[PDB]
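Read off the chains here:
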Amino acid sequence: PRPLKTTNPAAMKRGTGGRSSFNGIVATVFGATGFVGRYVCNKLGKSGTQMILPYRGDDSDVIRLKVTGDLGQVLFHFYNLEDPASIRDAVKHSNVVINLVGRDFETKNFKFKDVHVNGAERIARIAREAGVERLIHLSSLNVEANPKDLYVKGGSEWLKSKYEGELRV
Amino acid sequence: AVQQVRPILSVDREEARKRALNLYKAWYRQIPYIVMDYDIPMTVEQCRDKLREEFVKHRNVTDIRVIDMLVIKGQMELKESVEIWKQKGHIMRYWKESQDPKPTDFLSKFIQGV
Amino acid sequence: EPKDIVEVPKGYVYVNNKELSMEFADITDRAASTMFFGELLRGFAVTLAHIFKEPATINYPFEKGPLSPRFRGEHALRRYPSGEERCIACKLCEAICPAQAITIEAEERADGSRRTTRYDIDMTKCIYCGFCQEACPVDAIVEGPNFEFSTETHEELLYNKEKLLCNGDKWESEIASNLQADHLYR
Amino acid sequence: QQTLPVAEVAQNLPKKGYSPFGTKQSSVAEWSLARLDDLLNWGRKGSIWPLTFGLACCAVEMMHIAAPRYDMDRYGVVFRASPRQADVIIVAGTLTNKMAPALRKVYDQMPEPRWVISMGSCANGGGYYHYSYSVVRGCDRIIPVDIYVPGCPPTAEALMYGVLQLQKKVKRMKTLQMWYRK
Amino acid sequence: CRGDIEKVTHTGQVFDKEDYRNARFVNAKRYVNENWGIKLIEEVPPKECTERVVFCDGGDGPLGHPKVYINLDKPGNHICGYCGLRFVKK
Amino acid sequence: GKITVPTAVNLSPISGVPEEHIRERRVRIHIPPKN
Amino acid sequence: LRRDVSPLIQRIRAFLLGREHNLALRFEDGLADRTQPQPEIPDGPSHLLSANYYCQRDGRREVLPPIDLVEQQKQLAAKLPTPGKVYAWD
Amino acid sequence: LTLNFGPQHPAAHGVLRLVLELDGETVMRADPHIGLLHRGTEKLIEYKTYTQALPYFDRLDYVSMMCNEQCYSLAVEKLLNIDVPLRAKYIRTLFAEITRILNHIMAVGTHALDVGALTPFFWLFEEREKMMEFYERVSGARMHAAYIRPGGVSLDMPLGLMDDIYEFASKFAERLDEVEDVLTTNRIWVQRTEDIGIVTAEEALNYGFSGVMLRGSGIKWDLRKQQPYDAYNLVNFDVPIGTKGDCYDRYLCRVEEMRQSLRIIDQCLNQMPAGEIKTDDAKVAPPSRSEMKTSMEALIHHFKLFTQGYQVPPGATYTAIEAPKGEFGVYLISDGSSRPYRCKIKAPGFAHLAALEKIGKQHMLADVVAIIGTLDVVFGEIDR
Amino acid sequence: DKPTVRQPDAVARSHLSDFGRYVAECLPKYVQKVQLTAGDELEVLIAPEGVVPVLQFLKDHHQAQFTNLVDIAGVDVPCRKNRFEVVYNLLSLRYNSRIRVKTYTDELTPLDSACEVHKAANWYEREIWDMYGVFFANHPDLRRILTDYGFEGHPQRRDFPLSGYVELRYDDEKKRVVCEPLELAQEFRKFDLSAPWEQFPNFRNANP
Amino acid sequence: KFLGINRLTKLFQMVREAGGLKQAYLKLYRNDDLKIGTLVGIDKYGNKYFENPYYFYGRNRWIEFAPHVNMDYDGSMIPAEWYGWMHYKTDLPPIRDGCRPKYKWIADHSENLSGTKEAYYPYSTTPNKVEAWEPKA
Ligand SMILES: NC(=O)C1=CN([C@@H]2O[C@H](COP(=O)(O)OP(=O)(O)OC[C@H]3O[C@@H](n4cnc5c(N)ncnc54)[C@H](OP(=O)(O)O)[C@@H]3O)[C@@H](O)[C@H]2O)C=CC1
Ligand code: SF4
Ligand code: SF4
Ligand code: SF4
Ligand SMILES: [Zn+2]
């Protein structure tokens, strides 16, 4: 018997399943401006899920996601990955946190460890401290503890970073 | 239980079935031009399967004026499909895209509230 | 003076009814207007004379164009001079609202008044027609002078009771002046 | 809200300046990217070219900012017929069910950056045909909208107020600072 | 901390801390009117009258509420149902 | 030029009603109550 | 006074226009006053206190159902006909 | 070459989809696709009362506002057997003529933008903004005034409105002459407007043409004189009649309509009676606010007529007045309740646009652009 | 004197009454009933088999040149056996008059197209077909003129809902404007504006 | 004068009335046209309202906003009492008109706060209607 958290009858599941309905899920899709984020935002908005949607860059890269949900089901929030208080402000009223934060190349501000390892662990521990019921995190298929190079030297840092980030999550 | 009315586009059920077969023949000939001239994900075989499904959906009807009404609306949709007035979104309205399949069992409808 | 092709009656006026002139003076005049662009010269002169005219550009937003005391803008909820809110929850405005933007939910207050618990106007649904202020028995709902209330976000145009009461508090002087200068017309 | 500052209080306040970021950046590269973004936003807000997208009555007021009294041309604003050459699309009218793929295709062929102004109650929220069988309930379900101009036929001062609010949004755009912090 | 979220309105409404609907106020201000009508109508004094029936207009004639007549034979304060002004007979 | 038809027809295919509304909706025929 | 050019540019503009130019923009002295005294609306025909009954002037209740023109001749009987006067539009 | 003059295209009014088949520059076929601005007006009228369905007509043909409100008001008044006062008749006549000039300014500016001369568009839209300021003074909105009501007008005229209308109408004729100095008898405008879209008399009679399309071809039919309405029989004016039936004769007829509307405006400001604005049947018109806040029967009638509409007797009528586009008709059928059972709108632009398939054949592309420029179509009332 | 009551025009009453008896005498096969309504408007109530031969007659006769056809109007009254009625409004410029020709039509039963008589019926008879499903036989092309290309159903029937059955929204997965079942954010508030007291005693027994 | 030489000294006295040449430069850079007018009003917020009937209608009255803000001005800085004066509803300024209420509960004017972190966001104003049952008590 799985118990309910708050039993607020303005917060339970209602409706048939369109945009105007509510399925009792408050999603916080981190990195929702990306490739998987667009499809998961439209799939969440077609069912009636309110999304908080924290964005890091400009508002023009994230303002296209207002057409996925209904009125009031789409929010926006400015955050940095190194800043923990903004993440705690983002996930303080949520029960489902979806983590799509990842980067295929090293950046001058964020390395692989600063995105996949440290950032996902920080998001997971902030969501655990904020009372989030469920967290969804994405990794790679071929993650190993010590993955070997095949063609390029210095490769498979991404797979090791995703495996270490999954272990810290 | 019998009234005398003015026939619309037919005088007998065999003639109405023959004109429905004309409609199906013209739709079947217009399938590969619809797949070619529209930017739709559905292929030729999927379009033919959808055409067969929409015909066997209306298989159940019996009345001459009702089946002639269906033939008239089908020819109007076909004329909207030969001359390209419908869009790629109007063609893909036959396949129920962006719609979650509603369950038929009582337990899933009881959990979801339907 | 060219002759009439069709005889013009008393109650009508005819355009392109003149005969084409065939005397040599009019043919030479039309020929010189064709060859030397005389009518185009008149059009160019009429065009060039409007450069020297005063520009009608009213230089927004330092200088704003004329309005009227009857002007329909942002809906707002007024108050009595004593301070009690005017809206007695009588729901003629929602009954008369043609786009059905107004939603009213009313309960009895602690002292026994009729005043609302919910008064919402969807300004994305409101057509600014002014039927609510005519159908208001007290002068509660009113069309304020404000029209510079463009919003960045769709939900911010869903006006609550507190937003309408804040609009009534903010715009009370101009609304009261317009209602003082306009009540005898209505 | 906030109370607008009294002139006794406001005389002690310093001048705001043109830049919303301020000239108090620490790094010289951050300051250079801030001034480059200020110049880029000045060039973008100095000329936005809206598209001739007039669906219904609201557009009769849209030509009234073309009109000599209000004169949109001294704000960088001039109409362009082709969607490639245009920055802004002004949804001025009633978006219907047959109008939806045309508006979506015209918006998708427009090149990015793309700011959208919803002009009028039919453009945002559906309005006076909100319960109609063949009217889309606002254009926010199809095209992402940055400015929403409220009036049923917006006065032309209010449409130009939406244009100035879009210019303030364009002046507040942070691209190179976000690139430095990405 | 922000004190504009937990502040109650004049309709007795506040979003509690376990509600999901307070996430809409993390980037926008919650608008609560500080001019309540109850205190602003309790602040005015009652009007003393000598005649048995009185009329309340609420202000100016065409700019006030429709005219009502209140009977002041019962002891106590009689409240106008339109404006909320209280009359009393000595 | 007249034909023979039954007087009871079914106009549910030629109308715009979907299957999910024609298969499970109950219609109440009633006199409305006096206030 | 009015905001206008010097008379040289005035005569150049009047020569290029081909007519005597009048100003196309309104001015404050050439317009009506924005503030103005309150009006009184005159009463109509039925605002008299005496001899006004509604049934004598009842517009909605004098509407009858349409007359069957075939049966009107049958119940009243117990130059070709035109639907109107001839208008010459030529 | 199949081609779409789609809704983006500026010669189209923003929702017209002309699917045209072209052999070179000539137009072999032209099928107009409409209903891109269909908003379901007639489905939405039946769920609302009469005074709630009054602002639909402002949005139907939106360059003829007061004419549409006048036509709906005459429909409801003919159903109710209610006679408006003379001051209301003169106010509605003056605002219908102001509306006629506004519509023909929009027609001339749109046709000149489609042909190419973009200067008289702004030259006349300054004048159009001055009349929209007049609408704003009299009602409170620059357009969709909601000012003409069944039973008269909603509000009285403000003081000193005619003291601005007279100065404006005195100044309008020089602007008219300045427009004809650049548009009339310019040879390029003649080459884009002469012998183009020739409509014969039997064409306009059989194809349901009305208004200027009747009077371009030579038919002397003006509905303000044949079937008079709202003090149009107490004013005197001339009717512009064309001969050739091309775009030039229709353009000259429209500018001559703007010229004759000035003398109708002059007569309306010259004679205006001092009296009431609404009919005094308080069960069909809302009472004054002083009577509503003072008397009991006026408060009851204000309450009733602003909750559930006035009971129109059951019956059918079809009124039709002279719109600036043509003949604007309301077929209003009432079942005796507070809501109309049926309100069918005859727009003249629908019947004008229905002959575009025959007129546009064997014409060029700029010919067809000038034809929609001279057809004077507004697709809000066409799509209804 | 009553100045708040509209006075009828007697010269538009006598001429229209004589013409109504004239058109009842000239066409007894099709005309069932002619009636002069309040507001001085003449209605002719024809059989559905006489749509073309009546509207041709009023087009081409010397005593009735109703050469202009302003509008064809469909009214859906679902109580009757033949639910739709079709109203042709004709204007006579020569005699300066108007007539209304009304017929009854069911959705399955076709109607004669007046496109051979008046060419405005090329489009107006499409519009009723787009809004009621009244099939007009021997029409040039009977297409869908006002509603969307993928629209299923006729919207102006009283058995059709006000908000429709479906809505449209942009799907960025399919990259197109897709069709969804209807869910309104705020429902249409149906107001019960019914009069419990009758106000017209002249229309009490107007049904037989 | 016939030629128009006397408008040059009007431009010169515009420059001197602006406060110099640099102040006239920043007045022309900020206010899009240079004008002279009688100072009618000064707000509590620091705006200045000038009127001069020499210009035509629609341009004879202008606001110059408070000098603590540059480039962030908009049309919502005008308060409620001067809104009818700037929009030609009345011809009476609040310094002469006494018809304005000036009540105690009148809130001060605020600009359009949309697009910032302090804008208005709607919410349900009624409390909860259905009260649930708590197994406790
Ligand atoms: N081929 C694939 O797509 C595969 C993906 N995955 C995993 O799936 C997940 C999602 O992938 P996908 O959407 O396709 O990739 P993207 O790179 O396209 O999206 C990543 C998202 O995270 C944001 N982001 C990136 N770096 C940071 C940072 N340092 N701080 C905060 N936000 C940041 C991006 O924002 P912005 O808009 O600024 O770029 C973007 O919204 C990732 O975890 C990835 O490792 C695994 C296997 C295969
Ligand atoms: S009509 Fe006026 S008093 Fe009545 S409910 Fe509406 S706003 Fe309140
Ligand atoms: S102005 Fe009209 S649309 Fe707006 S709230 Fe009032 S009645 Fe409704
Ligand atoms: S919002 Fe109002 S003015 Fe604009 S298109 Fe709709 S009805 Fe017309
Ligand atoms: Zn009181």
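Residues numbered from 1 in each chain as written, not as in the entry; some residues may be left out. Chains lettered and ligands numbered in written order. Part of a larger assembly, values for the part shown. Heavy atoms only, no water. Residues with missing side-chain atoms left out of burial classes, pairs and counts.

Its PDB header attributes the entry to cryo-EM and lists the resolution as 3.3 Å.

Test applied: UniProt positions are given in the numbering used here, feature names are shortened, and annotations may be inferred rather than shown by experiment.
Where the PDB entry is consulted, chain E appears under the name NADH dehydrogenase [ubiquinone] iron-sulfur protein 6, mitochondrial, with the organism given as Drosophila melanogaster. Under its PDB header, the title given for this structure is "Structure of mitochondrial complex I from Drosophila melanogaster, Flexible-class 1". We quote the UniProt Subcellular location (unreviewed entry) comment for chain E here in full: "Mitochondrion inner membrane".

The PDB entry annotates chain D as LD31474p of Drosophila melanogaster. What UniProt records for chain D under Subunit (unreviewed entry) is the sentence "Complex I is composed of 45 different subunits This is a component of the iron-sulfur (IP) fragment of the enzyme."

## Some words on the site of ligand 4
This is how the line gets drawn: A molecule or strand has a residue near it when one of that residue's heavy atoms lies within 4 Å. Nonpolar residues are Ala, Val, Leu, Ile, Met, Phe, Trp, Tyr, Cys and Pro. Charged residues are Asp, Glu, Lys and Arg, and all others, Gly as well, are polar.
Surrounding ligand 4, one finds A56(D), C57(D), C58(D), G93(D), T94(D), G120(D), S121(D), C122(D), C152(D), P153(D), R59(H) and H144(H). Taken together, the residues of the shell around ligand 4 sort by class into 6 nonpolar, 5 polar and 1 charged.

## Observations concerning the packing of helix α4 (residues 86-115) of chain H against helix α5 (residues 119-138) of chain H
Residues and elements named next belong to chain H. Quick note on the threshold: Angular values range over 0 to 180 degrees, each being the angle between N-to-C directions of two axes fitted as lines to C-alpha atoms, with helices fitted over their stretch in contact. Under the DSSP-based scheme used, a helix requires at least four consecutive residues in state H or I and a strand at least two consecutive residues in state E, with every element numbered from the N terminus. Under this scheme an angle from 65 to 115 degrees is roughly perpendicular, one under 35 degrees roughly parallel, and one over 145 degrees roughly antiparallel; angles in between are oblique. Crossing handedness is defined as follows: a turn of the near helix away from the far one that is anticlockwise and smaller than a right angle gives a left-handed crossing, while the clockwise case is right-handed. For this analysis, residues touch if any pair of their heavy atoms sits within 4.5 Å.
Put simply, α4 and α5 touch, their axes get as near as 10 Å, and they point 150° apart. Taken together, α4 and α5 sit at an angle that is classed as roughly antiparallel. The crossing of α4 and α5 is left-handed. Taking contact as the criterion, the partners of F95, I98, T99, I101, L102, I105, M106, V108, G109 and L113 in α4 are, on α5, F121, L124, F125, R128, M131, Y135 and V138. For the contact of α4 with α5, a count of residues per class yields 14 nonpolar, 2 polar and 1 charged.

## A few points about the sheet that holds strand β3 (residues 102-106) of chain C
Residues and elements named next belong to chain C. Just so we agree on the cut-off: Two strands make a pair as long as DSSP finds a minimum of two bridges between them.
Read from one edge to the other, the open sheet built from 3 strands follows the order β3-β4-β6, with strand pairing classed as antiparallel. Strands at the two margins of the open sheet, each flanked by one partner only, are β3 and β6 (158-159). Strands β4 (116-122) and β6 of the sheet are contacted by helix α5 (residues 161-170), whose axis makes an angle of about 80° with β4.

## So, the pattern of salt bridges
Residues and elements named next belong to chain A. Condition: What makes a salt bridge here is a side-chain nitrogen of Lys or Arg within 4 Å of a carboxyl oxygen of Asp or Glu, nothing more. Each residue gets one of three labels from its accessible area relative to the maximum for its type: buried under 20%, exposed over 50%, partly exposed in between, using a 1.4 Å probe on protein chains only.
Across all of its chains, the model carries 102 salt bridges over all chains by this definition. Of the charged contacts in the structure, one is a salt bridge between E129 and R125, with a shortest N-O distance of 3.3 Å. Of this pair, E129 and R125 are both found in helix α3 (residues 112-129), 4 residues apart, which corresponds to roughly one turn of the helix. The exposure class of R125 is partly exposed, given its relative accessible area of 32%.

## Brief notes about the interface of chain H and chain I
This is how the line gets drawn: Reported buried area values correspond to the accessible surface (1.4 Å probe) lost by two parts on association, with both partners' losses combined. Two N or O atoms count as a polar contact when they lie within 3.5 Å, although within protein this holds only if one can serve as hydrogen donor and the other as acceptor, and sequence-adjacent residues are included solely when both atoms are side-chain atoms.
On the chain I side, the residues contacting the 61 residues of chain H number 57 residues. Approximately 5200 Å² of surface area, both sides summed, lies buried where chain H meets chain I, with 53% of it carried by carbon and sulfur atoms. The largest per-residue losses of area from chain H upon contact with chain I belong to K43(H), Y318(H) and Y341(H), which jointly make up 12% of the total buried on that side. The tally of links from chain H across to chain I stands at 5 salt bridges. A salt bridge links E327(H) to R98(I); the shortest N-O distance between them is 2.7 Å. Between chain H and chain I we count 21 residue pairs in polar contact in total. Of the residues that constitute the side of chain H that touches chain I, the class distribution is 27 nonpolar, 16 polar and 18 charged.

## Side note on the sheet that holds strand β3 (residues 68-76) of chain I
Taking strand neighbours across the sheet as the criterion, the 6 strands line up as β1(G)-β1(I)-β2(I)-β5(I)-β4(I)-β3(I) in an open arrangement whose pairing is mixed. Strand pairing shows two members of the sheet lacking a second neighbour, β1 (67-68) of chain G together with β3 of chain I, which therefore form its edges. Bridging between strand β4 (residues 84-92) of chain I and strand β5 (residues 97-105) of chain I involves 9 bridges; their strand directions are antiparallel. Paired with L91(I) across the bridge in β5(I) is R98(I).

## Considering the interface of chain G and chain H
Contacts between chain G and chain H engage 32 residues on the former and 39 residues on the latter. For the pairing of chain G and chain H, the buried interface totals around 2900 Å² over both sides, and the portion due to carbon and sulfur atoms is 50%. One can count 3 salt bridges joining chain G with chain H. Notably, a salt bridge pairs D90(G) with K220(H), separated by 3.7 Å at the nearest N-O pair. In the side of chain G that touches chain H, the residues fall into 16 nonpolar, 8 polar and 8 charged.

## Overview of the UniProt feature "binding site: Zn(2+)" (unreviewed entry) in chain E
Under the present numbering, the feature "binding site: Zn(2+)" (unreviewed entry) in UniProt falls on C56(E), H65(E), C80(E) and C83(E). Spanning 28 residues, the annotated positions come together in the fold, the maximum distance between their C-alpha atoms being 10.6 Å. Relative to the helices and strands, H65(E) resides in the loop between β2 (53-56) and β3 (68-71). Every residue in contact with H65(E), bar those within four places of it in the chain, is listed here: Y80(C), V138(C), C56(E), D57(E), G58(E), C80(E), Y82(E), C83(E) and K293(H). Along the polypeptide, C80(E) turns up in the loop between β4 (78-79) and β5 (86-89).

## Focus on the UniProt feature "domain: Zinc finger CHCC-type" (unreviewed entry) in chain E
UniProt feature "domain: Zinc finger CHCC-type" (unreviewed entry): in the numbering of this structure it lies at residues 52-87 of chain E. As annotated, residues 52-87 of chain E comprises 0% helix and 33% strand, and the C-alpha atoms at either end are separated by 11 Å.

## Topic: the coordination of the zinc ion (ligand 5)
All names here are of chain E. Note the threshold: Here the term donor refers to an N, O or S atom within 2.8 Å of the metal (or 3.2 Å for Na, K and Ca), and because water is left out of the atoms, sites may appear incomplete. Square planar and octahedral sites, with four and six donors, are those where opposite donors lie more than 155 degrees apart and all other angles lie between 65 and 115, tetrahedral sites have four donors with every angle between 85 and 135 degrees, and the rest are irregular.
Ligation of the zinc ion (ligand 5) by protein atoms is provided by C56 (SG), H65 (NE2), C80 (SG) and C83 (SG), these donors lying 2.0 to 2.3 Å from the ion. Around the zinc ion (ligand 5) sit 4 donor atoms, and with donor-metal-donor angles ranging over 93 to 126° the site reads as tetrahedral. Read from N- to C-terminus, the donor residues coordinating the zinc ion (ligand 5) fall into the pattern C-x8-H-x14-C-x2-C. Pair noted here: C56 is in strand β2 and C83 is in the loop between β4 and β5, with a separation of 27 residues, a long-range link. In this pair, the class of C56 matches that of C83, namely buried.

## Examining the nonpolar core
Note the cut-off: What we call a nonpolar core is a set of buried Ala, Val, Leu, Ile, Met, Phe, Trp, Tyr and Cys residues that are connected through their side-chain atoms within 4.5 Å.
Counting residues in each nonpolar core, the largest one holds 335 residues, and the members touching the most others are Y119(C), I34(H), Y72(H), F95(H), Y147(H), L58(I) and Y88(I). Tallying contributions element by element places α4(H) first for this core, with 13 residues. Excluding its chain neighbours within four sequence positions, the residues that come into contact with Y147(H) are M66(H), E69(H), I91(H), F95(H), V138(H), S139(H), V153(H), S154(H), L155(H), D156(H) and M157(H).

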